[PDB]
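Peer 1: Pasting an experimental structure with its sequence.
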Amino acid sequence: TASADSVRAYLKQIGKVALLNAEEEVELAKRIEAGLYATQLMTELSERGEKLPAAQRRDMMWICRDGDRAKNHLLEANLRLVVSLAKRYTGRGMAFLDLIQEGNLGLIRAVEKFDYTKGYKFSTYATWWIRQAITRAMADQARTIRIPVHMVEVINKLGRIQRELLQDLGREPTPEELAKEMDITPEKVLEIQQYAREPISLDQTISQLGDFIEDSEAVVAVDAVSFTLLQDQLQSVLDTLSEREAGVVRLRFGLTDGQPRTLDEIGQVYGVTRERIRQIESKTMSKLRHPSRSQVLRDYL
Amino acid sequence: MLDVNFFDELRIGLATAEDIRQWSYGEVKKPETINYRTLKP
Amino acid sequence: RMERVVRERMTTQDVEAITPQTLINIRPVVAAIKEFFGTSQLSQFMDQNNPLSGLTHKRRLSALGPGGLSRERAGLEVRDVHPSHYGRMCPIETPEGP
Amino acid sequence: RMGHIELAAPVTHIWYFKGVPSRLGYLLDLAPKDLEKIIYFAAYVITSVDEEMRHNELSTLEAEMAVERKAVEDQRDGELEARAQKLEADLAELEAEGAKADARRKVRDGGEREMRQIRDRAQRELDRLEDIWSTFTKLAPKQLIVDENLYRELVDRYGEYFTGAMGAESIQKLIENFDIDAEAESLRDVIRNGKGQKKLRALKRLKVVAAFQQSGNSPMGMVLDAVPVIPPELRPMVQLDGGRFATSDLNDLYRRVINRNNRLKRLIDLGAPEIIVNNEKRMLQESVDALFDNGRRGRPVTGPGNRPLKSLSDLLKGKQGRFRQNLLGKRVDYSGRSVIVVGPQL
Amino acid sequence: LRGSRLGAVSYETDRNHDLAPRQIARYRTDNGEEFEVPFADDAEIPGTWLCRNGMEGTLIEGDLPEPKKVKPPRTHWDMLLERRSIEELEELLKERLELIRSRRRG
DNA sequence: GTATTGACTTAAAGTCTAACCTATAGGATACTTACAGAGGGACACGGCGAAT
RNA sequence: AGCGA
DNA sequence: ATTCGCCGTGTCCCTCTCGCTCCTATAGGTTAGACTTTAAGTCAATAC
C-alpha cells in the first residue's frame, strides 16, 4: 500500500461528511450568528451584568457551542469546493496542501462575514473569498524574496501580454513594445524584468556552482599587512614632526580613537582658537607635502 | 565554543528544547530573507 | 507537448471563432530544438584543433547518450569488439580514457 | 550564531521514527506500521487508563447498555408487530380474493424476507454495540485506535478514564508517563527466563532501553519543540554579477516550516475545526521531516525542474557529504604544478 | 564567475585599549528570566526590549510607561455588528431561545 | 614664526512639505475529492516443514 | 559537458 | 495452532587520484527633494 500520501489521506478524510444545500446553509448561518450574539451577551452579563438564570445560561451556552458546531460543519462541507478550486492554480505554486489550507482560511473568513437575508447560495461568496486568500498567500510566499501584491500584479500582466504577443506575432517583443502596450515607460519595463528575476540554486549538476564562487569581498591577504606597515610609517612620520603638530593632525583625522575631531573641539582641548589651529593645520600639511616627508608614503597608493 | 588545542573528548548527545533555545540568540518567526528593492536582510 | 496544449484549448476555445493561428503553439517546439542543440551530451562542441580532428569528431559513434548506456551501466561487456565490427566500426580508434 | 523556531505543536524527530530499526518503536514497544498512523494523525492513541473508574462505571454502564439494548429490542419487537400486522393484511388481501396459489404467497415470502433482513440489520447493529462495549472493557493505555468514528464515540461517551490523543504531543505524553527503570528490569526478567523470538526482541529493545538508562539522557528530546536554524553564511544567498541570486536550498525549507508554523498559530488563535487543525499539524510534521531528511518518508520534496532538494541529512550522507568533499582532501595555498622532464645532470 | 557580500572588511584587528565606556542594562521577561544587554554611556536605555529569549522584557527598575494596547483585531463580533443591529440580533437570540424551549419542554 | 579679526563661500545637517511606495482589506449568482501523463552485501520481514 | 595522465 | 528451524524475497548504503577548458479603496511608512540654518573651512590683512 505504502499509504504515506497525505494528499490522498486528506481526500479520503474530507470525503466523510455530506454536502449541503441552501436551506441547510441558512439554518447553519442563523445558528452561528445566534451563538455569537449569545457569547457576546453572556460576556456582557458576566461583567457588571446580571446573574444569568441557570436555565438561561444553560441554553445560551448550548447556543454558543452549537454555533461553533455549525461553523465547523460548514467548513467540512466546503472543503471539497476548496480542493476543486485549488486544482487550477497548482503548477506554479507550492505544495498543494498549503493552497488548500489558505482556501480554508478564506472559508472561515467567508462564513464569518456571510449574510443569508440576501437569499443566495453560499458557494459564490465562498469561492471569491477562497480565491482572494489563496492568491494573497501565494504571492506572499512565492519566492525566497518577497514581492508585494501590486508589483506582482503588474509582473503577471506584463507576462500575460508578452505571452499573448508571442503567440500572435511569434517573436518576443521589445522593451519599448511592452512599454507602449502597458502604457508605462521602458525603464519601468526594465525594472519589472529586473525584479522578476528568480534566484538560481547554489545546488546544481555540472558538481555544484558553489565550487566556483570566488569571494571577491574577502581577505585580500596582502592589503592587511600593507595597512599595518602603512600605519607604522604614519606614526613614524608624525613623530618626525613636532608633537603639537602631530597631535593636532591625529585629532583632525581621527588617528587616535577613530573619532574625527573638528576645529572647535581641538581648539577647545588645546585652549586656543579655531583659526589658530587652521593655521597650524595648513602649515603642517604644507610641511608634509614636502617630498622628503612624502617619499616614504608616495608608494602607498 | 572558542578554545585552544586543549582537547580530550568530543561528546555527542541528544539535544533538548532547553538546550536549543539556550543555544539560539533569537527567535526567527517570519518567512522572509531580503528586501527585494534595497537588498538588505 | 504542442499537441497536448492544442487539444487542451481545442475544447475550451469557442467554436466558429478559432483557427490554427489561434490554436498552435510553437514555443515548446522551438524550446525543444534549442534545448537539444544546447546542453545535450550529443550536441558536442566542435573539436577542431586540426582538420583531421574536425573530420573525425564527425563520423564518431557514441554509445553513451540519452536513451543510451552511461559508464555506470556501460560495463566491460559492451566495450569488446564483436566480430561483426569488421568493415563497420574500426577496432583501433577509441579514446584511451574511461 | 544560530536561531531557533518555537513550534506551536511539538513534532517528532524523523531519524528516531523512520530509520529501521525504529527507536521510538523499540522504546514504546510500538510497531512502526502503527506508529506512523499515530504521528501522521491517521489514528488515535490512548496514553493513560484509570482501571478503577472503568471498573465501577463498568457496572453502571453495563446497566446503561442493558437499557440501550432493551430499547433496541423495543424497536425490534415494534418491527415484529408492525410486520405481523402487515402480514395479516397480506392474509386479508391474498386469501380474500381470486388469485394464484403462489402469487398470493409471494407477498408472504416478501414480508418474511423483509423480517429476515430487518433482524439482520438489528443483529448487526447490536453486534456493533457489543463490539464497542467489549473494546471499552478491554481498552488499555499506550494503545492504538483506528476507526475515527469508534474513537469519537469512545471519547464522547467515556471522556474520562484516559487521555486519548493523536500525534506528536500524544507521543510526548507517553514518553512523559514511562518508567524506564521498571520496564528495563522487566526486559531483564524476560531475557532471564524466556526463549526464542521473545528473548530476541527483548535483546533488541533492551539495547536502546539500557542505552537511555545508563546515561543522563532523558528521552524527551526524541520529540521536538524548538527547531534550530543554521547560521546564514552556511546557507547564503550570494548574488552573482548581474543580480541572479543564489540561495542555498535550505532557505526554502526553513520558509516552508515557518509559513506552516505561523499558519498553525493563527488557526489555533482564531479557532478552527479539528479536521483543519490536525491537517495543519500533519503538514508541519511533513515540513520538519523534509527539513531534516528530504526523500526519507514518502515522495521527496521537489524543486524547479523536478529536482529533489538538499536537506541537512544529504549534507553528510553519500559521497558528496562534508565527511568527504572537504575531508578527502583540500586545495592548498603555496602550491603549483607543471609537466616534468628528465634531469640527468641533477 | 564570482560573488561578494554587503560587508565591511574594516581592517582593524582588535583594540582592547579603549572601549567606548558602557554600562549594562537588564530587561526581565514575563517568566522570571533576565537577559543582560550592554549599553554605552551615551546610550538611551529603552523602557522595554526584545530580549535574547525573544519575548518582550521590561527593565528591572520600576518605570511602567503605559503598555498602550493597540486596536483590537477585527473580531467576527466586529464584522457582525458593523452590518447588523443589536435589536435584530436580540430578536434572533429570542427566536433560538424559544426554539430550544419548545424543543425541550414542548 | 605665531597668534588674531572680518568677510566670504561651503558642506552638513534640520525641517516642511510632500509624494510616492507599501501593507491590508474586500470583492455577494452558481461555482464541491492531486497527481501519476547498476550491483553487491547485508539485514530484516516473512514462505515451507517436523514436533508437541 | 568535454578532455590529459 | 503455536514453536523452532530452515528457506526465501524485498529494501537499502557503498565502489583511485590528479589536472585543464484581476481589480478597487484606505491608511500609514518611507525617502526624497528642496528650502533654510548653522558650524566650518578659507582668505586677506596685521601686530608682536
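Peer 2: Structure's in. What do you need? Numbering: from 1, shown residues only, chains lettered A, B, ... in the order given.
Peer 1: Number of residues surrounding residue D:308?
Peer 2: 15 (other C-beta atoms under 10 Å in any protein chain shown). Every residue, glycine included, has its C-beta placed from N, CA and C.
Peer 1: ok, now which ones touch it?
Peer 2: Neighbour list for residue D:308: D:294, D:295, D:300, D:301, D:302 [criterion: C-beta atoms under 8 Å, 6 or more residues apart in numbering or on different chains].
Peer 1: Now it. Its backbone dihedrals?
Peer 2: phi -60, psi 140 (degrees, to the nearest 10).
Peer 1: and it, bridged to which residues?
Peer 2: residue D:302 (DSSP bridges).
Peer 1: gap between it and residue C:98?
Peer 2: 27 Å (C-beta to C-beta, to the nearest Å).
Peer 1: And for residue D:141?
Peer 2: Residue D:141 is 61 Å from residue C:98, by C-beta to C-beta.
Peer 1: These two: which has the busier surroundings?
Peer 2: residue D:141 (17 against 5).
Peer 1: In space, what's closest to the more buried one - neighbours in sequence excluded?
Peer 2: residue D:49 (4.0 Å; C-beta to C-beta, 6 or more residues apart in numbering or on different chains).
Peer 1: For the residue in the stretch 51-200 of chain D that RNA strand G sits nearest to, give me its contacts.
Peer 2: Going by C-beta to the nearest atom of the strand, RNA strand G is nearest to residue D:168 of the stretch 51-200 of chain D, at 41.4 Å. Residue D:168 makes contacts with D:9, D:10, D:11, D:12, D:39, D:223, D:281, D:285, as judged by C-beta under 8 Å, 6+ apart.
Peer 1: go on, residue A:56?
Peer 2: residue E:97.
Peer 1: could you say which helix or strand contains it?
Peer 2: When elements are assigned from DSSP states H and E, residue A:56 belongs to helix A:54-89.
Peer 1: How about the helix or strand just after that helix and chain D, any contact?
Peer 2: Downstream of helix A:54-89, the next assigned helix or strand under DSSP H and E is helix A:96-112. Yes - if you take C-beta under 8 Å from any C-beta of the partner chain as the test, helix A:96-112 does meet chain D, through A:97, A:98, A:101, A:104, A:105, A:108.
Peer 1: Quick check: chain neighbours aside, which residue is closest to the first one?
Peer 2: Beyond its immediate neighbours in the sequence, the residue positioned closest to residue A:97 (C-beta to C-beta, 6+ apart) is residue D:283, lying 5.2 Å away.
Peer 1: Look up how far residue C:12 lies from that neighbour.
Peer 2: 32 Å.
Peer 1: same thing with residue D:302?
Peer 2: If you go by C-beta to C-beta, the gap between residue D:302 and residue C:12 works out to 28 Å.
Peer 1: Which two among the contacts of residue D:168 are spaced furthest apart?
Peer 2: Pairwise distances across the contacts of residue D:168 (C-beta to C-beta) peak at 12.8 Å, for the pair D:223 and D:281.
Peer 1: Correct me if wrong: residue C:24 contacts residue C:6.
Peer 2: Yes - between residue C:24 and residue C:6 there is a contact under C-beta atoms under 8 Å: 6.4 Å.
Peer 1: partners of the closest residue to residue E:27 other than its chain neighbours in the sheet?
Peer 2: Computed as C-beta to C-beta, 6+ apart, the closest residue to residue E:27 that is not its neighbour in sequence is residue E:57, at 3.5 Å. As for beta bridges, residue E:57 partners with residue E:49 under DSSP bridges.
Peer 1: Can you pull the residues of chain C lying near chain D?
Peer 2: So chain C never meets chain D (C-beta under 8 Å from any C-beta).
Peer 1: tell me, what residue is most central in chain C?
Peer 2: Centrality entry for chain C: nearest residue to the mean C-alpha point is residue C:42, 5.6 Å, by C-alpha atoms, centre = their mean.
Peer 1: Surely that residue and residue C:65 touch.
Peer 2: Yes - Residue C:42 is within contact range of residue C:65, at 5.3 Å (criterion: C-beta under 8 Å).
Peer 1: what sits against whichever residue of chain B sits closest to chain C?
Peer 2: For chain B and chain C, the shortest gap (C-beta to the nearest C-beta) falls at residue B:36, measuring 28.0 Å. With contact taken as C-beta under 8 Å, 6+ apart, residue B:36 is in contact with A:145, A:146, A:147, A:195.
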